[PDB]
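This is what each chain is made of:
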Amino acid sequence: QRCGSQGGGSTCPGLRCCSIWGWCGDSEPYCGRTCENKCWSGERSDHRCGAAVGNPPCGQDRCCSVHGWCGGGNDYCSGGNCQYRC
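The present account deals with the structure reproduced in this document.

**Observations regarding the sheet that holds strand β6 (residues 82–84)**
Taken in spatial order, the three strands of this open sheet run β5-β4-β6, and their pairing is antiparallel. Looking along the sheet, the strands with just one partner apiece sit at the ends: β5 (70–71) and β6. In this structure, strand β4 (residues 63–65) lies alongside β5, joined through two bridges in antiparallel fashion. When the sheet's bridge partners are listed, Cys-64 is paired in β5 with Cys-70.

This is the structure in C-alpha cells:
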C-alpha cells in the first residue's frame, strides 16, 4: 500500500519498509538505499523492537520476535514467534 511522503504520510501495515516512492515492501528497493522509513538501517543498537519502543524496524533478514527483540532464524522469524517483519 501507499505510505510516507509520497503516499499520504501513513506507516505501512505490518511495519514493512516504505520506499522513497511511497510504496510498502520488504526487499532491497524498499528497505535498503532507496528506503524512506522503517528501513533496515534503522534497527536500534540494542536490537529491541515492538510497541514498547515505538515499533522500530529490524535489519536485513531479521524479524521482530513476540518477545520484543530483533534477530535471525526461527526463534525470531518463524510461525508463532514473530510479530512483525517475518
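**Some points on the side chain of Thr-34**
Locating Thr-34 in the fold gives a position in the loop between α1 (28–31) and β3 (35–37). Polar contacts involving the side chain of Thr-34 include one to the main-chain carbonyl oxygen of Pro-29, which spans 2.6 Å. Not counting residues within four places of it along the chain, the set of residues in contact with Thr-34 comprises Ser-19, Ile-20, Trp-21, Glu-28 and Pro-29.

**Describing the state of the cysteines**
By definition, a disulfide is the covalent link that joins the sulfur atoms of two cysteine residues. With the rule as written, the count across this model stands at eight disulfides. At a sulfur-sulfur separation of 2.0 Å, the disulfide partner of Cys-35 is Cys-39. Judged by the sign of its S-S torsion, about -90 degrees, the bond between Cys-35 and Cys-39 is left-handed. The exposure class of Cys-35 is buried, given its relative accessible area of 12%. The class for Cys-39 is buried, based on a relative accessible area of 10%.

**Some details on the environment of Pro-13**
Inspection of the secondary structure assignment puts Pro-13 in the segment before β1 (17–19). Here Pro-13 falls in the exposed class, since its relative accessible area comes to 54%. With 12 residues separating them along the chain, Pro-13 and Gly-25 place their C-alpha atoms 10 Å apart. Here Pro-13 is in contact with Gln-1 and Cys-24, once residues within four sequence places are set aside.

**Overview of the side chain of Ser-19**
Within the fold, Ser-19 resides in strand β1. A relative accessible area of 2% places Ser-19 in the buried class. In contact with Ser-19, not counting residues within four places along its chain, are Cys-3, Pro-29, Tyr-30, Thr-34, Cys-35 and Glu-36.

Conventions used here
Residues numbered from 1 in each chain as written, not as in the entry; some residues may be left out. Heavy atoms only, no water. Residues with missing side-chain atoms left out of burial classes, pairs and counts. Pairing = 2+ DSSP bridges. Helix = DSSP H or I, 4+ residues; strand = E, 2+ residues; numbered from the N terminus. Polar contact = N/O pair within 3.5 Å; in protein donor to acceptor, adjacent residues only side chain to side chain. Contact = heavy atoms within 4.5 Å. Disulfide = S-S within 2.5 Å. Buried < 20%, exposed > 50% of the residue type's maximum accessible area, 1.4 Å probe, protein only.

No statement about biological role is implied by the geometric values presented.
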